Each structure stands twice: as C-alpha cells, then as structure tokens.
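Two forms of the same protein chain are encoded below as structure tokens; each is given separately, as structure 1 and structure 2.
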Structure 1
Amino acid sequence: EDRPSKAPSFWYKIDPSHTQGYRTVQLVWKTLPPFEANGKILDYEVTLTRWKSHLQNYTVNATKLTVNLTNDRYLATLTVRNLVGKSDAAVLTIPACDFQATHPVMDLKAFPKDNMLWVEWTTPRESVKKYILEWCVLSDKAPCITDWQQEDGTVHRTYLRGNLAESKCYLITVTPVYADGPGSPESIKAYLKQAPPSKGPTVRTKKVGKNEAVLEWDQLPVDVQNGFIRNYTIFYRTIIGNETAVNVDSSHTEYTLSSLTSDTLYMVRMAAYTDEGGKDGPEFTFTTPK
C-alpha cells in the first residue's frame, strides 16, 4: 500500500497569552479525505521552529493542538502518518507579533449556483501559496462559529465545501497565504438562497401634524431578513379611504408622510422586501390634529 498522498489542510488562530511575552496559538487541520489517507491514520506530527532556536516536536492524535509561542517568527510543519509512512508536510510561517498583513484579494464576490455557494476574487499581485476560506452564519440566535477550507494558490473561484442552509446570511472571509505569513483578509456576506422576510418592520409615529406624520422604525434583526433588504413599502389609508403605497430606501429608518388630511384617523403598515418577496409588519394607527 501507500502513505498519505497529500499534506492536510493546515491553519491557525492566534491570541494573547495569560503569560507575558507569549501568544496562545491554536493550530488546526482537517482529517484527510479517505482517498488521500490511504489507510488508517495513526497520528500527526507538528514541528515548530523559532528563528535561530531549537525545534519543538509534538505527536498528536486529534485535529488541533494548542501551543504557546513567543513573539518571534516560527516555521510550523504538519505531517500525517499511516502504517506505510508520512505525508508530505503542510508548512506555514507564523509571523512575529509586529507583522503587518497586506495584499488582500480584490473584487471579492459570492453567489449561489446549482445549489452551491460560490466565492470568487481577482488574484493578488503577489505569489499566493494557498488560500484559507472561512464562513459562519450571522444570527442573533446563534454565535458565529466558523468552518473553513483551504485552496491551492492558483485558485480564483471555488464553492464552500460545507453543507449549508437556505435563508441564512453567511459571512465569508478569504485570506491569501504567502511565504512570510498571511495576507490581509477580506469578507463578504451572501445567501445560498434568499426568501421573503419572516417579519416586517414595526412602525411608530415620531411626530404628527395636521397634514404630515413622521414615521420611524427599527431595522429588522438579521435573523428575520432571510435575504438582503432591498426596500420598504409604506401602506396607509384613512379609515374610510383607499390605500396609498410609497416606496422607501432600505437604508432609511425615518420617513415623513405628507398631503395628509387633518382631523383624520389613519391606518398604516410597512413591508420589507428581499429579492424573493415581501412581508408586512403590524398595523399602526394615528389621528391627525384638527
């Protein structure tokens, strides 16, 4: 048989340590797909070498390792081992603490097609070794827990290899990786599929005159949007009259109704719209003074 056929995908997250002078580094990798593992994975090995210092090695039986690094630059390697031998290594530079990330991807966009969420960008002008893509759902009913994947340096379009949901807003971040460290990240929001909002805006009067009323409302919580809100519509009518409808820019949170009749009972509601349709909020009432 054969040893594993490629290095695992390999990345890290870094934070300040409780110990002065150190950084807590969470090294992470993905279990190779079975076709690349070529047999039972026995374990992994990480090495860490600080510039002009002694190499540290760790045997790991898991897909994550937490280490304490100084503020210096490190070379990190990861190999996966099976009964036959060791894979080629995944290699990263973990830069010194004064490292300035530059050279982000340009023209980042994301869009659904064929039931996958595609992400594409213009390649940076530098030689990219590989890319890290990260994503999480934006929601007030669940924290942003990231999943991630790795791409070869020649890639400029790919799809997220997760099993995603419709009507959820994904925050997607693309980071180029260079020989000397990560590039600066860029992020975009996108939906695998949009739907009409689950709730409409709740409208209230700020001020009411004989012939005008100032309305205001809070923006919809992201969770209930189910897509990018493109615009609102205000519908209003005298108690005895026909309905009037006026469109409102999605970036606004106030609007003045005009040409109102004095001494009159008004009923009013608003709807919010995504590309897929709209949803009415609750009806509200006010009476103009005489």
Structure 2
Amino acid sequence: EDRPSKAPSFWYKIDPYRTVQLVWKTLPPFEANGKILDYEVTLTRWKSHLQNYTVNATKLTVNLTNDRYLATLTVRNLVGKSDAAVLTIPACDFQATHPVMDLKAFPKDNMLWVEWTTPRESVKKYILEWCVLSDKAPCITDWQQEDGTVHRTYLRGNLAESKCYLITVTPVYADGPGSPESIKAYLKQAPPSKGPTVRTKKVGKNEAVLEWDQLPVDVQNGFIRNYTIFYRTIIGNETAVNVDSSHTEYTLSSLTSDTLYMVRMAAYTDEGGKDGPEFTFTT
C-alpha cells in the first residue's frame, strides 16, 4: 500500500488566554489509502516550544495564549503519515483584510452554489462555513475547503429545504485569514409554516391600528416578500391589502363606528403564502 495521498482539510474556531477548537475532515478511502489509525497535531506558540497531541477524532480543543501559533496536522495509516496541513493562528492583535467581492449564493440542481470575484492577490485556500439561522438554535457551522484557484463552488454535504443558511466565505493567505464575507440563502424555499398573528394596537371609531410580530426565521421557510391583510364585516365584503415585508403596523381607514370587523393576515414567500389566526374587534 502507501501512506495517505493528501493532507486533511484543516481549520479552526476561536473565542474567549483564548480557547481554540481545531477541526478537520475525514479523508476519503481513496486518499487515506487504508484504515485511519489517528491524527497528529502540533502547536508552536510563537518563539516558544512545540506542543503535540495525537487523537483518533476530528476535533481538538485547547487553551492558547493571545500570541501567534503555527498548527500542523497529519493523518496516519499503517504505511505512514500524510503530509502536514498547516494553519496560522494569528496573534490576538491581528487585522484581517482583503475580503471576497460580489459574494452570492443560489440553488441549482438541488445544490446550493456559492460564487465570488477572484481577488487580485494570490490566495492559498478558501474556507466556506454555513449554519441554519434559527431562534431556537445557535449558529453551529458545517464547513469545507477549496483551493486558492476556486471562485465558484457548491456547499458539500446534506442541506435542508425550507431552511435559511448563513454562508461565510473566508480567504486564506500565508499570513492569516482575510476578512470574512457572509450571505443568507435557501436551498429550496416554501410557503411559511405559520401566518402572522394580527392584533389591535389602538382601536378607534372610524379607523383601526393593527400590529403584528415578524415571523421567527425558522417558520418563514424562505425570504418573506410581503404580508396581506384581509378584513370584512359579518355582512360585508372582504378587502385585501398589500403590506411591505418590513412593516409591523398598518392603519385601516374608512371604518364604520360601532361595528364588528374580522381580520386575518398572510405571509408570502417566493413559493406561496400562509394565513394566520382569525381576529375580531369592534369600533
């Protein structure tokens, strides 16, 4: 046989000394060239001694100083160890620059494609992170790695429908990271799983002020384009009104004094709408 053909994809996440969570990917069999026994990591605090760890996992958490660190990672099979994958963990006082330009993300062939403008400087590699935005879950990111030549690609892995992904592309140079650039996108959108709840702020005699709360990101199932307010009387006709997606209050005009009105709202995505709970009041 032979040792692993390739060095693993290699990246990190840091947040307060500071705690760094080194992470890597599992090399495919046709690159691992055999059963993977373990991985070897080393971290050299600038101008200090080399620290090392061997693990049979795909992550490593350590407490580092706010100094700089050079990281190395080698996956090991029976025949030997793969080439090392190098990282530079920038000193706390590091200033990143040179972001990507014209970042954009769009679904095509059931895959979520990301593309940007290839920068002037020469890039060593790209890092694409992405998590599902929710109000009942933190931003836990999946990720991948691309060569410095790439300027158009797709997120590798299992992506969900009706889920709003926050994608981040990060240039990587020998020096450290470039400035990140993010963007929100869906693999496939769909009618919201819930409609807005219309309630009366200020009830009047010849005019009513209605308010509602924006749909939590998880129930939208796609970018909300606009709302729609329906209302009628027990014996009247139903009137519909369009409302900008940014509005949280609307004022019904031309209302009859001492009357009962019935109201309900709808939320619309690029793929349809959803009604909310019916509501009633009286002038």
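Throughout, rigid core stands for the largest set of C-alpha atoms superposing within 1.5 Å between the two forms. Along the sequence of structure 1, residues get numbers from 1 upward.
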Q. Following superposition of the rigid core, which of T205, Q194, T77, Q150 is the only residue with a C-alpha displacement of 2 Å or more between structure 1 and structure 2?
A. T77
(Q) Relative to the superposed rigid core, does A89 relocate between structure 1 and structure 2 - that is, does its Cα move 2 Å or more? (A) yes
Q: Spell out whether the Cα of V246 moves at least 2 Å between structure 1 and structure 2 when the two forms are superposed on their rigid core.
A: no
Q: Establish whether a shift of 2 Å or more occurs at the C-alpha of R50 between structure 1 and structure 2, with the two forms superposed on the rigid core.
A: yes
Q: Just grab the Cα shift of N68 between structure 1 and structure 2 for me, core aligned, in angstrom.
A: 4.1
Q | Per-residue CA shift, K40 (Å; core superposed between structure 1 and structure 2) | A | 2.8
Q.
Once the core is aligned, what is the C-alpha displacement of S139 between structure 1 and structure 2? Give it in Å to one decimal.
A. 1.9
